[PDB]
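Colleague: Fold the following, please.
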Amino acid sequence: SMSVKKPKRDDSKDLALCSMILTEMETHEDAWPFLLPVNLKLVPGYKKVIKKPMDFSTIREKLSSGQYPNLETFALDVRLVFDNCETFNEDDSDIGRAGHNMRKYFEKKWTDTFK
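Modeller: Numbers count the residues shown, from 1 in each chain. Here you go, the structure:
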């Protein structure tokens with residue numbers, strides 16, 4: 001509350017560390033469904049169904065331009081990528097499997113870097 005604060009957690013490396021995680025996600029062999037925004041002219045149903053499209057290149061641009069206020073807003077966008085994937089793709093598909101694999105990969109790196 002006013003003039004009452006928990007000890008200050010060092011957040012000075014968070015930007016660099018999120019960048020490193022995102023590089024590792026970009027270079028994973030199962031990243032290909034997520035590298036670029038889904039083409040809303042060429043994929044029927046996407047635009048109407050997925051209210052907030054998100055992809056790794058969009059996260060990279062937001063990260064590089066100071067559009068994440070803290071590490072939690074970064075994680076929310078990464079998770080959005082996988083939540084959108086599950087919304088639109090069957091589990092038993094190459095893309096559906098890719099999204100589960102990448103979400104697991106991400107959640108481990110996240111815990112190990114920050115928890």
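
Colleague: what's the single longest helix in the protein?
Modeller: For the chain, the helix reaching the highest residue count under DSSP state H is reported as helix 94-114.

Colleague: Could you check it and say which residues are buried?
Modeller: Residues 96-99, 102-103, 105-106, 109-110 are the ones in helix 94-114 that count as buried (16 or more other C-beta atoms under 10 Å). In this view, the C-beta of every residue, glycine as well, is placed from N, C-alpha and C.

Colleague: so what secondary structure elements neighbour it?
Modeller: In terms of contacts (3 or more C-beta pairs under 8 Å, 6 or more residues apart in numbering; DSSP states H and E), helix 94-114 is packed against helix 14-27, helix 71-88.

Colleague: ok, back up a step: Throw the buried residues of helix 94-114 into JSON lines and include distance to residue 39, thanks.
Modeller: Putting these into JSON lines (distance: C-beta to C-beta, whole Å) gives the following:
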{"residue": "96", "distance to residue 39": "19"}
{"residue": "97", "distance to residue 39": "21"}
{"residue": "98", "distance to residue 39": "17"}
{"residue": "99", "distance to residue 39": "18"}
{"residue": "102", "distance to residue 39": "20"}
{"residue": "103", "distance to residue 39": "23"}
{"residue": "105", "distance to residue 39": "25"}
{"residue": "106", "distance to residue 39": "24"}
{"residue": "109", "distance to residue 39": "28"}
{"residue": "110", "distance to residue 39": "29"}
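
Colleague: highest average neighbour count across the helices and strands packed on helix 94-114?
Modeller: helix 71-88 (a mean of 17; mean count of other C-beta atoms under 10 Å).

Colleague: So what angle separates the directions of that one and helix 94-114?
Modeller: 160 degrees (axes from the mean of the first three to the mean of the last three C-alpha atoms, to 10 degrees).

Colleague: ok, back up a step: other residues contacting the longest helix of the chain?
Modeller: Contacts of helix 94-114 with the rest of the structure, by C-beta atoms under 8 Å, 6 or more residues apart in numbering, involve 17, 20-21, 24-25, 28, 30-34, 71, 75, 78-79, 81-82, 85-86, 89-91.
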